């Protein structure tokens, strides 16, 4: 595993990790922007003959050396531009991409906006609705935001509290600092930027969409409807909002099999 940094001319110094050789698979974090959540799966995926790349997102965790623009008023289109910048820097010309949440919005924006660069995209639980209870955290003090959201992650949406806690004290210390950054920059601007307003733009595209099997139906009901309308492959992964944490082996298998399917089709 390569663990290093790279600077892009939009002012971001990225923390990234890379393992393996072969076709590129890129794992984009959820809004919390913490790529240690992929640690187990990166090795499993790479071992199947892929070069796997992941990174902390701008302003989050180890990628905190970034201009304010990159972690405030954040949109799917901004995030897509940033991911393209690090792919450019790492000379990754053509990639399979995974993303959950704001990461899901990001990878659909990547597929639509940069089609030459993207072999196929896997999106999981893509937020398309403003949620006032999340947006309202943006005006609270840092410590209260961190306490509220850490509890939401642990008890409401992790999909496996034991696995969530087992990320470890170091990860949760980074997450502690990320929660206010995410709260201020993401929930008010990410959902209206969802690149799924044009259903016909999705039709025929190499997109595989998932929702957590244990997620309450109302949370991403709209994903299932939109995917079905567009004829896009839609299915379930075990757990909820973080399958790469709750069920890393199932997650890795899904990423490998889906990438293999598209390598067969493209040939």
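Numbering follows the first chain given and starts at 1.
| query | If you average the CA temperature factors over each stretch, which comes out higher, 149-157 or 70-78? | reply | 149-157 has the higher mean C-alpha B-factor.
Comparing 138-146 with 79-87, which has the greater mean CA B-factor as deposited?
That would be 138-146.
At the C-alpha atoms, which of 39, 218, 30, 200 reaches the highest B-factor in this entry?
Highest CA B-factor of the listed options: 200.
>> Comparing recorded Cα B-factors across 126, 175, 107, 183, which one is largest?
In response: Highest CA B-factor of the listed options: 183.
According to the PDB entry, is the CA B factor of residue 53 in the bottom, middle or top third of its chain, that is, lowest, middle or highest? Lowest third - that is where residue 53 ends up once the chain's C-alpha B-factors are sorted.
Practice item. Using the B-factor values recorded in the entry, state whether the Cα atom of residue 47 falls in the lowest, middle or highest third among the modelled residues of its chain. Key: Its C-alpha B-factor belongs to the highest third of this chain's values.
- Query: Where does residue 98 sit by CA temperature factor within its chain: lowest, middle or highest third?
  - Reply: Bottom third by C-alpha B-factor.
Taking the entry's C-alpha B-factors for this chain, is residue 214 in the lowest, middle or highest third? According to the entry, residue 214 has a C-alpha B-factor in the chain's middle third.
Test of reading the entry: by CA B factor among the chain's modelled residues, which third contains residue 240? Answer is lowest: the recorded C-alpha B-factor places it there.
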